[PDB]
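**Q** work.cif is reproduced below (mmCIF, N, CA and C atoms).
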data_work
#
loop_
_atom_site.label_atom_id
_atom_site.label_comp_id
_atom_site.auth_asym_id
_atom_site.auth_seq_id
_atom_site.Cartn_x
_atom_site.Cartn_y
_atom_site.Cartn_z
N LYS A 1 0.81 -1.22 0.00
CA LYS A 1 0.00 0.00 0.00
C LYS A 1 0.84 1.27 0.00
N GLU A 2 0.28 2.37 -0.54
CA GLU A 2 1.02 3.64 -0.57
C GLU A 2 0.77 4.52 0.64
N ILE A 3 1.83 5.05 1.20
CA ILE A 3 1.74 5.86 2.39
C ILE A 3 2.33 7.26 2.24
N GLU A 4 1.67 8.20 2.84
CA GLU A 4 2.12 9.59 2.86
C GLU A 4 2.04 10.20 4.26
N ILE A 5 3.13 10.81 4.72
CA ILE A 5 3.21 11.42 6.06
C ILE A 5 3.38 12.94 6.06
N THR A 6 2.50 13.67 6.71
CA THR A 6 2.55 15.14 6.80
C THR A 6 2.69 15.55 8.26
N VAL A 7 3.37 16.65 8.55
CA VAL A 7 3.53 17.16 9.93
C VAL A 7 3.67 18.69 10.02
N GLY A 8 3.25 19.28 11.10
CA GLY A 8 3.41 20.72 11.36
C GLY A 8 2.89 21.20 12.71
N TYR A 9 2.88 22.51 12.93
CA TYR A 9 2.44 23.04 14.22
C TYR A 9 1.06 23.66 14.06
N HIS A 10 0.17 23.40 15.02
CA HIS A 10 -1.19 23.95 15.00
C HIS A 10 -1.92 23.73 13.68
N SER A 11 -1.80 22.53 13.15
CA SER A 11 -2.40 22.05 11.90
C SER A 11 -1.85 22.64 10.61
N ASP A 12 -0.75 23.37 10.72
CA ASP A 12 -0.05 23.88 9.56
C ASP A 12 0.87 22.75 9.19
N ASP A 13 0.33 21.77 8.47
CA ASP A 13 1.10 20.60 8.10
C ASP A 13 1.78 20.72 6.74
N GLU A 14 2.87 19.98 6.55
CA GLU A 14 3.57 19.87 5.26
C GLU A 14 4.07 18.45 5.05
N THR A 15 4.20 18.02 3.79
CA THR A 15 4.64 16.66 3.50
C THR A 15 6.12 16.44 3.71
N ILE A 16 6.42 15.37 4.44
CA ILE A 16 7.77 14.95 4.78
C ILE A 16 8.18 13.70 3.99
N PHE A 17 7.28 12.72 3.89
CA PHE A 17 7.63 11.43 3.26
C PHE A 17 6.55 10.78 2.41
N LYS A 18 6.97 10.21 1.28
CA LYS A 18 6.10 9.39 0.43
C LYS A 18 6.78 8.06 0.11
N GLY A 19 6.00 6.98 0.10
CA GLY A 19 6.57 5.67 -0.23
C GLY A 19 5.58 4.52 -0.14
N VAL A 20 6.11 3.31 -0.01
CA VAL A 20 5.33 2.08 0.00
C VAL A 20 5.60 1.22 1.24
N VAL A 21 4.54 0.60 1.79
CA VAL A 21 4.67 -0.26 2.97
C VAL A 21 5.33 -1.58 2.58
N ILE A 22 6.36 -1.97 3.33
CA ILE A 22 7.08 -3.22 3.06
C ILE A 22 7.00 -4.28 4.18
N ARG A 23 7.04 -3.87 5.44
CA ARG A 23 7.10 -4.83 6.56
C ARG A 23 6.12 -4.53 7.67
N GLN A 24 5.79 -5.56 8.43
CA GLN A 24 4.94 -5.43 9.59
C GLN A 24 5.51 -6.31 10.72
N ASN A 25 5.77 -5.73 11.90
CA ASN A 25 6.34 -6.47 13.03
C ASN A 25 5.52 -6.35 14.31
N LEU A 26 5.40 -7.44 15.07
CA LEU A 26 4.73 -7.37 16.37
C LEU A 26 5.70 -7.62 17.50
N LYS A 27 5.51 -6.94 18.62
CA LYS A 27 6.34 -7.19 19.79
C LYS A 27 5.52 -7.26 21.07
N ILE A 28 5.74 -8.33 21.85
CA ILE A 28 5.07 -8.54 23.13
C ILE A 28 6.06 -8.74 24.27
N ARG A 29 5.86 -7.99 25.34
CA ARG A 29 6.65 -8.05 26.57
C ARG A 29 5.69 -8.10 27.75
N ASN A 30 6.21 -8.39 28.94
CA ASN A 30 5.36 -8.53 30.14
C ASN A 30 4.26 -7.48 30.33
N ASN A 31 4.55 -6.22 30.06
CA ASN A 31 3.54 -5.19 30.20
C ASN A 31 3.53 -4.26 28.98
N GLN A 32 3.77 -4.82 27.80
CA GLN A 32 3.79 -4.02 26.57
C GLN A 32 3.38 -4.79 25.32
N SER A 33 2.60 -4.16 24.45
CA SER A 33 2.24 -4.78 23.18
C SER A 33 2.09 -3.74 22.07
N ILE A 34 2.96 -3.83 21.06
CA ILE A 34 2.96 -2.86 19.96
C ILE A 34 3.05 -3.46 18.56
N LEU A 35 2.68 -2.63 17.58
CA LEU A 35 2.83 -2.88 16.15
C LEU A 35 3.79 -1.89 15.48
N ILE A 36 4.75 -2.40 14.72
CA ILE A 36 5.67 -1.53 14.00
C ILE A 36 5.55 -1.70 12.50
N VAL A 37 5.36 -0.58 11.82
CA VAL A 37 5.19 -0.58 10.37
C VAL A 37 6.33 0.12 9.64
N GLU A 38 6.93 -0.56 8.65
CA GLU A 38 8.02 0.06 7.90
C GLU A 38 7.70 0.28 6.43
N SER A 39 8.23 1.40 5.92
CA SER A 39 8.09 1.80 4.52
C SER A 39 9.35 2.40 3.92
N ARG A 40 9.42 2.36 2.59
CA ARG A 40 10.53 2.92 1.80
C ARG A 40 10.06 3.65 0.56
N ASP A 41 10.95 4.42 -0.06
CA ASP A 41 10.51 5.06 -1.30
C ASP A 41 10.49 4.02 -2.43
N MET A 42 10.07 4.45 -3.61
CA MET A 42 9.88 3.61 -4.80
C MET A 42 11.17 3.13 -5.42
N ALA A 43 12.25 3.81 -5.09
CA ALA A 43 13.59 3.52 -5.58
C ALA A 43 14.00 2.11 -5.18
N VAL A 44 13.35 1.54 -4.16
CA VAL A 44 13.62 0.20 -3.67
C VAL A 44 13.48 -0.85 -4.77
N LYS A 45 12.72 -0.54 -5.81
CA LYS A 45 12.53 -1.45 -6.93
C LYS A 45 13.84 -1.80 -7.65
N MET A 46 14.83 -0.91 -7.55
CA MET A 46 16.10 -1.05 -8.24
C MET A 46 17.10 -1.94 -7.51
N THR A 47 16.74 -2.46 -6.33
CA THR A 47 17.66 -3.24 -5.53
C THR A 47 17.32 -4.73 -5.43
N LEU A 48 16.36 -5.20 -6.21
CA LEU A 48 15.88 -6.57 -6.06
C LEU A 48 16.40 -7.68 -7.00
N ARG A 49 16.91 -7.35 -8.18
CA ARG A 49 17.29 -8.40 -9.14
C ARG A 49 18.62 -8.15 -9.82
N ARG A 50 19.46 -9.19 -9.90
CA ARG A 50 20.73 -9.11 -10.60
C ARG A 50 20.51 -9.23 -12.10
N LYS A 51 21.19 -8.39 -12.88
CA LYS A 51 21.06 -8.35 -14.33
C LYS A 51 22.38 -8.39 -15.09
N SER A 52 22.26 -8.63 -16.39
CA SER A 52 23.35 -8.67 -17.37
C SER A 52 23.01 -7.96 -18.67
N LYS A 53 23.82 -7.01 -19.11
CA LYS A 53 23.52 -6.27 -20.33
C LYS A 53 24.71 -5.60 -21.03
N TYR A 54 24.63 -5.52 -22.36
CA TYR A 54 25.61 -4.75 -23.12
C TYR A 54 25.01 -3.39 -23.46
N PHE A 55 25.79 -2.35 -23.27
CA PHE A 55 25.41 -1.00 -23.64
C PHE A 55 26.29 -0.61 -24.79
N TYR A 56 25.80 0.28 -25.63
CA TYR A 56 26.54 0.75 -26.79
C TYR A 56 26.80 2.24 -26.70
N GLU A 57 26.78 2.97 -27.82
CA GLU A 57 27.32 4.33 -27.85
C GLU A 57 26.57 5.41 -27.06
N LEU A 58 26.67 5.30 -25.75
CA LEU A 58 26.02 6.14 -24.76
C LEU A 58 26.98 6.83 -23.80
N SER A 59 26.59 8.00 -23.30
CA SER A 59 27.35 8.65 -22.24
C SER A 59 26.91 8.06 -20.92
N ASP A 60 27.63 8.31 -19.83
CA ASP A 60 27.17 7.77 -18.56
C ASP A 60 25.82 8.30 -18.15
N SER A 61 25.47 9.52 -18.53
CA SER A 61 24.18 10.03 -18.13
C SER A 61 23.03 9.48 -18.96
N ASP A 62 23.31 8.84 -20.09
CA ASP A 62 22.24 8.28 -20.87
C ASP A 62 21.93 6.94 -20.24
N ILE A 63 22.98 6.29 -19.75
CA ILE A 63 22.86 5.02 -19.09
C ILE A 63 22.12 5.20 -17.77
N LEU A 64 22.48 6.23 -17.00
CA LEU A 64 21.80 6.45 -15.73
C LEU A 64 20.30 6.68 -15.96
N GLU A 65 19.92 7.47 -16.99
CA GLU A 65 18.49 7.67 -17.21
C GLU A 65 17.78 6.38 -17.58
N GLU A 66 18.41 5.54 -18.40
CA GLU A 66 17.80 4.27 -18.78
C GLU A 66 17.56 3.36 -17.58
N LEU A 67 18.54 3.25 -16.69
CA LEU A 67 18.41 2.36 -15.55
C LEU A 67 17.24 2.76 -14.68
N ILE A 68 17.02 4.07 -14.52
CA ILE A 68 15.95 4.59 -13.69
C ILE A 68 14.57 4.43 -14.34
N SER A 69 14.44 4.81 -15.62
CA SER A 69 13.15 4.77 -16.32
C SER A 69 12.61 3.35 -16.45
N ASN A 70 13.49 2.35 -16.41
CA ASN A 70 13.06 0.96 -16.48
C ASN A 70 12.12 0.55 -15.36
N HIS A 71 12.15 1.27 -14.24
CA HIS A 71 11.31 0.94 -13.10
C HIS A 71 10.15 1.90 -12.95
N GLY A 72 9.94 2.75 -13.95
CA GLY A 72 8.87 3.72 -13.93
C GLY A 72 9.14 4.92 -13.03
N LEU A 73 10.40 5.22 -12.76
CA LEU A 73 10.72 6.32 -11.88
C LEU A 73 11.00 7.59 -12.66
N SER B 1 -21.09 -25.90 71.58
CA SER B 1 -19.67 -25.59 71.46
C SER B 1 -19.45 -24.20 70.89
N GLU B 2 -20.50 -23.38 70.98
CA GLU B 2 -20.40 -21.96 70.65
C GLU B 2 -19.52 -21.24 71.65
N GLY B 3 -19.64 -21.63 72.92
CA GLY B 3 -18.95 -21.01 74.02
C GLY B 3 -17.48 -21.32 74.11
N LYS B 4 -16.97 -22.20 73.25
CA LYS B 4 -15.56 -22.54 73.23
C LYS B 4 -14.75 -21.48 72.49
N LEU B 5 -13.67 -21.03 73.12
CA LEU B 5 -12.69 -20.15 72.49
C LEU B 5 -11.78 -20.99 71.60
N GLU B 6 -11.94 -20.86 70.29
CA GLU B 6 -11.12 -21.61 69.35
C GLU B 6 -9.74 -20.98 69.21
N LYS B 7 -8.73 -21.82 69.02
CA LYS B 7 -7.34 -21.40 68.89
C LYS B 7 -6.84 -21.68 67.48
N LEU B 8 -5.95 -20.81 67.00
CA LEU B 8 -5.45 -20.89 65.62
C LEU B 8 -4.48 -22.06 65.46
N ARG B 9 -4.58 -22.77 64.34
CA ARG B 9 -3.75 -23.92 64.02
C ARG B 9 -3.04 -23.79 62.69
N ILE B 10 -1.86 -24.37 62.59
CA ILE B 10 -1.10 -24.45 61.34
C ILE B 10 -0.60 -25.88 61.16
N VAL B 11 -0.88 -26.47 59.99
CA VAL B 11 -0.51 -27.84 59.66
C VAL B 11 0.40 -27.81 58.44
N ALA B 12 1.40 -28.69 58.41
CA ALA B 12 2.31 -28.83 57.28
C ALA B 12 1.91 -30.00 56.39
N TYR B 13 2.14 -29.85 55.08
CA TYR B 13 1.75 -30.83 54.07
C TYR B 13 2.90 -31.13 53.12
N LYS B 14 2.83 -32.31 52.50
CA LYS B 14 3.87 -32.79 51.60
C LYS B 14 3.59 -32.55 50.13
N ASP B 15 2.34 -32.57 49.70
CA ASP B 15 2.02 -32.47 48.28
C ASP B 15 1.23 -31.21 47.98
N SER B 16 1.17 -30.87 46.70
CA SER B 16 0.49 -29.67 46.24
C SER B 16 -1.03 -29.83 46.18
N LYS B 17 -1.56 -31.01 46.49
CA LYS B 17 -3.00 -31.19 46.60
C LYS B 17 -3.48 -31.19 48.03
N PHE B 18 -2.56 -31.09 49.00
CA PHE B 18 -2.84 -30.94 50.43
C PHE B 18 -3.62 -32.13 50.98
N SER B 19 -3.09 -33.34 50.76
CA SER B 19 -3.72 -34.56 51.25
C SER B 19 -2.80 -35.48 52.03
N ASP B 20 -1.49 -35.21 52.06
CA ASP B 20 -0.50 -36.07 52.70
C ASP B 20 0.23 -35.29 53.79
N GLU B 21 -0.14 -35.53 55.05
CA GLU B 21 0.38 -34.73 56.15
C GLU B 21 1.81 -35.12 56.52
N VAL B 22 2.59 -34.10 56.87
CA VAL B 22 3.89 -34.30 57.49
C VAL B 22 3.67 -34.84 58.90
N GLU B 23 4.43 -35.86 59.28
CA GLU B 23 4.26 -36.47 60.59
C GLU B 23 4.85 -35.59 61.68
N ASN B 24 4.07 -35.39 62.75
CA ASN B 24 4.33 -34.43 63.83
C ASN B 24 4.52 -33.01 63.29
N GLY B 25 3.63 -32.58 62.39
CA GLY B 25 3.77 -31.30 61.74
C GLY B 25 2.61 -30.36 61.96
N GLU B 26 2.06 -30.34 63.17
CA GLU B 26 0.92 -29.50 63.49
C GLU B 26 1.25 -28.60 64.67
N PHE B 27 1.05 -27.30 64.50
CA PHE B 27 1.28 -26.31 65.54
C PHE B 27 -0.06 -25.72 65.98
N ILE B 28 -0.24 -25.59 67.29
CA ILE B 28 -1.41 -24.94 67.88
C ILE B 28 -0.91 -23.84 68.79
N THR B 29 -1.43 -22.63 68.62
CA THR B 29 -1.00 -21.51 69.44
C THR B 29 -1.68 -21.55 70.81
N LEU B 30 -1.09 -20.82 71.76
CA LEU B 30 -1.69 -20.68 73.08
C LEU B 30 -2.38 -19.34 73.28
N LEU B 31 -2.02 -18.33 72.49
CA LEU B 31 -2.71 -17.05 72.47
C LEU B 31 -2.95 -16.65 71.03
N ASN B 32 -4.16 -16.26 70.74
CA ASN B 32 -4.61 -15.85 69.42
C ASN B 32 -4.05 -14.47 69.06
N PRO B 33 -3.82 -14.20 67.78
CA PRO B 33 -3.51 -12.83 67.36
C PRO B 33 -4.70 -11.91 67.58
N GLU B 34 -4.41 -10.62 67.66
CA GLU B 34 -5.43 -9.57 67.76
C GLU B 34 -6.24 -9.34 66.49
N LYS B 35 -5.57 -9.41 65.34
CA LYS B 35 -6.15 -9.09 64.04
C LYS B 35 -5.30 -9.74 62.96
N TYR B 36 -5.82 -9.72 61.73
CA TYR B 36 -5.05 -10.12 60.56
C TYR B 36 -5.48 -9.27 59.37
N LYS B 37 -4.69 -9.35 58.30
CA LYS B 37 -4.78 -8.40 57.20
C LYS B 37 -4.51 -9.08 55.87
N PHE B 38 -5.28 -8.70 54.85
CA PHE B 38 -5.15 -9.21 53.49
C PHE B 38 -4.72 -8.09 52.54
N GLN B 39 -4.21 -8.48 51.37
CA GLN B 39 -3.79 -7.52 50.35
C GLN B 39 -4.09 -8.06 48.95
N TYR B 40 -4.67 -7.20 48.11
CA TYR B 40 -5.12 -7.55 46.77
C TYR B 40 -4.64 -6.52 45.76
N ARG B 41 -4.08 -6.99 44.64
CA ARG B 41 -3.51 -6.11 43.62
C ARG B 41 -3.90 -6.59 42.23
N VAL B 42 -4.35 -5.66 41.38
CA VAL B 42 -4.67 -5.93 39.98
C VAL B 42 -3.88 -4.95 39.12
N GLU B 43 -3.21 -5.47 38.09
CA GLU B 43 -2.35 -4.68 37.22
C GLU B 43 -2.93 -4.45 35.83
N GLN B 44 -2.79 -3.22 35.34
CA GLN B 44 -3.30 -2.83 34.03
C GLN B 44 -2.19 -2.25 33.17
N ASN B 45 -2.43 -2.24 31.86
CA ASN B 45 -1.53 -1.65 30.88
C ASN B 45 -2.08 -0.28 30.48
N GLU B 46 -1.26 0.76 30.62
CA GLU B 46 -1.74 2.14 30.50
C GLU B 46 -0.95 2.97 29.49
N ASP B 47 -0.54 2.39 28.37
CA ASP B 47 0.14 3.16 27.34
C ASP B 47 -0.85 3.98 26.53
N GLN B 48 -0.50 5.23 26.25
CA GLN B 48 -1.33 6.06 25.38
C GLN B 48 -0.44 6.94 24.51
N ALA B 49 -1.03 7.44 23.44
CA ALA B 49 -0.32 8.29 22.50
C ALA B 49 -0.45 9.76 22.89
N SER B 50 0.48 10.57 22.41
CA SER B 50 0.48 11.98 22.74
C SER B 50 -0.59 12.72 21.95
N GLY B 51 -1.20 13.72 22.58
CA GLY B 51 -2.27 14.48 21.98
C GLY B 51 -3.65 14.05 22.40
N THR B 52 -3.77 13.01 23.21
CA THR B 52 -5.07 12.44 23.55
C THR B 52 -5.46 12.78 24.98
N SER B 53 -6.75 12.66 25.27
CA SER B 53 -7.28 13.04 26.57
C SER B 53 -7.52 11.87 27.51
N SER B 54 -7.44 10.64 27.01
CA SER B 54 -7.61 9.44 27.82
C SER B 54 -6.83 8.26 27.23
N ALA B 55 -6.48 7.27 28.05
CA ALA B 55 -5.76 6.10 27.52
C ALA B 55 -6.61 4.86 27.28
N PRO B 56 -6.19 4.00 26.36
CA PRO B 56 -6.96 2.77 26.19
C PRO B 56 -6.52 1.70 27.21
#
Let me see the structure of the file written as structure tokens.

**A**
Amino acid sequence: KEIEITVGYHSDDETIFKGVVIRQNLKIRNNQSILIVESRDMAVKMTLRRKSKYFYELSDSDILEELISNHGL
Amino acid sequence: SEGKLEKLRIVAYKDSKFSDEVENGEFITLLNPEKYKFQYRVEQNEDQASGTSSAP
């Protein structure tokens, strides 16, 4: 799911973070019980799979744009 | 036997079901205590978040 966090003083809020929910953790102790939720930005898509490719007559910045656009970023 | 002054007794036991007496393990007092007292405690979890007027 997609998550967005806003914060401010006296309801003058502004956006701090945008991203996607990845993990859910529970913790129980003698007099405590909580839920912890973790999220990351969309860039996380670029860290999941090993690849192999030949590139041709490109500058480094053409390559950097290609790697990013492949994940819809 | 209403008129009898009863005296406090303590007996020792061997098992957790209280059916097997320790031999020669019974004490009888000669003077009763004046009073006795009990204590009862119940514990709750009282975590709450900031900004709220009462806890769950």

**Q** Given only N, CA and C atoms as the basis, pick out the residue of A:62, A:17, A:31, A:49 nearest to residue B:45.

**A** A:31

**Q** If the cut-off is 10 Å, can you tell me the residues of chain B near chain A, counting only C-alpha atoms? I'd like them as a list in words.

**A** residues 43, 44, 45, 46 and 47 of chain B

**Q** Between atom N of residue A:43 and atom CA of residue A:65, what distance in Å does the model show, to one decimal?

**A**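 For atom N of residue A:43 relative to atom CA of residue A:65, the distance reads 14.2 Å.
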
**Q** Report, in Å to a single decimal, how far apart atom CA of residue A:64 and atom CA of residue A:48 are.

**A**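 Result for atom CA of residue A:48 versus atom CA of residue A:64: 17.3 Å, one decimal.
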
**Q** Would you mind reading off the distance between atom CA of residue A:3 and atom CA of residue A:40, one decimal, in Å?

**A**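 Here the two named atoms are 9.3 Å from each other.
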
**Q** Which residues, named as in the file, does the PyMOL selection byres (((chain A and resi 26 and name CA) around 10) and name CA) pick out? Answer as an MDAnalysis selection string.

**A** chainID A and resid 24:25 27:28 33:37

**Q** Using only N, CA and C atoms, can you tell me which of B:11, B:1, B:37, B:53 comes closest to residue B:25?

**A**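 Of all the options, B:11 lies closest to residue B:25.
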
**Q** Given the file shown, enumerate the residues that the PyMOL selection byres (((chain B and resi 33 and name CA) around 12) and name CA) captures and present them as a list in words.

**A**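 Selected by the PyMOL selection byres (((chain B and resi 33 and name CA) around 12) and name CA) here: residues 6, 7, 8, 9, 29, 30, 31, 32, 34, 35, 36 and 37 of chain B.
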
**Q** Extract the full set of strand (DSSP E or B) residues from chain A according to DSSP on the backbone, and format it as a PyMOL selection string.

**A** chain A and resi 2-9+12-29+32-40

**Q** Taking the chain letters and numbering used in this document, name the residues of chain A that DSSP puts in helix (DSSP H, G or I), as a short mmCIF file (atom, residue, chain, number, x, y, z; two decimals) with N, CA and C atoms, in the coordinates of the input.

**A**
data_model
loop_
_atom_site.label_atom_id
_atom_site.label_comp_id
_atom_site.auth_asym_id
_atom_site.auth_seq_id
_atom_site.Cartn_x
_atom_site.Cartn_y
_atom_site.Cartn_z
N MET A 42 10.07 4.45 -3.61
CA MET A 42 9.88 3.61 -4.80
C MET A 42 11.17 3.13 -5.42
N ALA A 43 12.25 3.81 -5.09
CA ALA A 43 13.59 3.52 -5.58
C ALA A 43 14.00 2.11 -5.18
N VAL A 44 13.35 1.54 -4.16
CA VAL A 44 13.62 0.20 -3.67
C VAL A 44 13.48 -0.85 -4.77
N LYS A 45 12.72 -0.54 -5.81
CA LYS A 45 12.53 -1.45 -6.93
C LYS A 45 13.84 -1.80 -7.65
N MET A 46 14.83 -0.91 -7.55
CA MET A 46 16.10 -1.05 -8.24
C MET A 46 17.10 -1.94 -7.51
N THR A 47 16.74 -2.46 -6.33
CA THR A 47 17.66 -3.24 -5.53
C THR A 47 17.32 -4.73 -5.43
N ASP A 60 27.63 8.31 -19.83
CA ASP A 60 27.17 7.77 -18.56
C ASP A 60 25.82 8.30 -18.15
N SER A 61 25.47 9.52 -18.53
CA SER A 61 24.18 10.03 -18.13
C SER A 61 23.03 9.48 -18.96
N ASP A 62 23.31 8.84 -20.09
CA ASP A 62 22.24 8.28 -20.87
C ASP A 62 21.93 6.94 -20.24
N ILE A 63 22.98 6.29 -19.75
CA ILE A 63 22.86 5.02 -19.09
C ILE A 63 22.12 5.20 -17.77
N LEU A 64 22.48 6.23 -17.00
CA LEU A 64 21.80 6.45 -15.73
C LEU A 64 20.30 6.68 -15.96
N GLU A 65 19.92 7.47 -16.99
CA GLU A 65 18.49 7.67 -17.21
C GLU A 65 17.78 6.38 -17.58
N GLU A 66 18.41 5.54 -18.40
CA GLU A 66 17.80 4.27 -18.78
C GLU A 66 17.56 3.36 -17.58
N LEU A 67 18.54 3.25 -16.69
CA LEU A 67 18.41 2.36 -15.55
C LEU A 67 17.24 2.76 -14.68
N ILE A 68 17.02 4.07 -14.52
CA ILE A 68 15.95 4.59 -13.69
C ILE A 68 14.57 4.43 -14.34
N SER A 69 14.44 4.81 -15.62
CA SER A 69 13.15 4.77 -16.32
C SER A 69 12.61 3.35 -16.45
#

**Q** Would you pick out the contacts of residue A:2 at 12 Å or less, using only C-alpha atoms, so that residues sharing its chain but fewer than 3 positions from it are not included, and give the list as a ChimeraX atom specification?

**A** /A:5,17-22,38-42

**Q** Give me a file of those residues, with N, CA and C atoms, as a PDB file, in the coordinates of the input.

**A**
ATOM      1  N   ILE A   5       3.130  10.810   4.720  1.00  0.00           N
ATOM      2  CA  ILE A   5       3.210  11.420   6.060  1.00  0.00           C
ATOM      3  C   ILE A   5       3.380  12.940   6.060  1.00  0.00           C
ATOM      4  N   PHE A  17       7.280  12.720   3.890  1.00  0.00           N
ATOM      5  CA  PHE A  17       7.630  11.430   3.260  1.00  0.00           C
ATOM      6  C   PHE A  17       6.550  10.780   2.410  1.00  0.00           C
ATOM      7  N   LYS A  18       6.970  10.210   1.280  1.00  0.00           N
ATOM      8  CA  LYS A  18       6.100   9.390   0.430  1.00  0.00           C
ATOM      9  C   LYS A  18       6.780   8.060   0.110  1.00  0.00           C
ATOM     10  N   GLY A  19       6.000   6.980   0.100  1.00  0.00           N
ATOM     11  CA  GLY A  19       6.570   5.670  -0.230  1.00  0.00           C
ATOM     12  C   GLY A  19       5.580   4.520  -0.140  1.00  0.00           C
ATOM     13  N   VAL A  20       6.110   3.310  -0.010  1.00  0.00           N
ATOM     14  CA  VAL A  20       5.330   2.080   0.000  1.00  0.00           C
ATOM     15  C   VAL A  20       5.600   1.220   1.240  1.00  0.00           C
ATOM     16  N   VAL A  21       4.540   0.600   1.790  1.00  0.00           N
ATOM     17  CA  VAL A  21       4.670  -0.260   2.970  1.00  0.00           C
ATOM     18  C   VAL A  21       5.330  -1.580   2.580  1.00  0.00           C
ATOM     19  N   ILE A  22       6.360  -1.970   3.330  1.00  0.00           N
ATOM     20  CA  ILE A  22       7.080  -3.220   3.060  1.00  0.00           C
ATOM     21  C   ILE A  22       7.000  -4.280   4.180  1.00  0.00           C
ATOM     22  N   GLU A  38       6.930  -0.560   8.650  1.00  0.00           N
ATOM     23  CA  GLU A  38       8.020   0.060   7.900  1.00  0.00           C
ATOM     24  C   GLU A  38       7.700   0.280   6.430  1.00  0.00           C
ATOM     25  N   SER A  39       8.230   1.400   5.920  1.00  0.00           N
ATOM     26  CA  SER A  39       8.090   1.800   4.520  1.00  0.00           C
ATOM     27  C   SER A  39       9.350   2.400   3.920  1.00  0.00           C
ATOM     28  N   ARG A  40       9.420   2.360   2.590  1.00  0.00           N
ATOM     29  CA  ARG A  40      10.530   2.920   1.800  1.00  0.00           C
ATOM     30  C   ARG A  40      10.060   3.650   0.560  1.00  0.00           C
ATOM     31  N   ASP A  41      10.950   4.420  -0.060  1.00  0.00           N
ATOM     32  CA  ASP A  41      10.510   5.060  -1.300  1.00  0.00           C
ATOM     33  C   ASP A  41      10.490   4.020  -2.430  1.00  0.00           C
ATOM     34  N   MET A  42      10.070   4.450  -3.610  1.00  0.00           N
ATOM     35  CA  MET A  42       9.880   3.610  -4.800  1.00  0.00           C
ATOM     36  C   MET A  42      11.170   3.130  -5.420  1.00  0.00           C
TER      37      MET A  42
END

**Q** May I have the residues within 6 Å of residue B:12 as a list in words, using only N, CA and C atoms and disregarding those fewer than 6 positions away in the same chain?

**A**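 Near residue B:12, the qualifying residues are residues 21, 22, 25 and 26 of chain B.
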
**Q** Calculate, to one decimal in Å, the centre and edge lengths of the box along x, y and z of the file that holds all listed atoms of stretch 11-17 of chain A with 8 Å of margin on each side, and present them as AutoDock Vina command-line options.

**A**
--center_x 2.9 --center_y 17.3 --center_z 7.8 --size_x 26.6 --size_y 29.1 --size_z 26.7
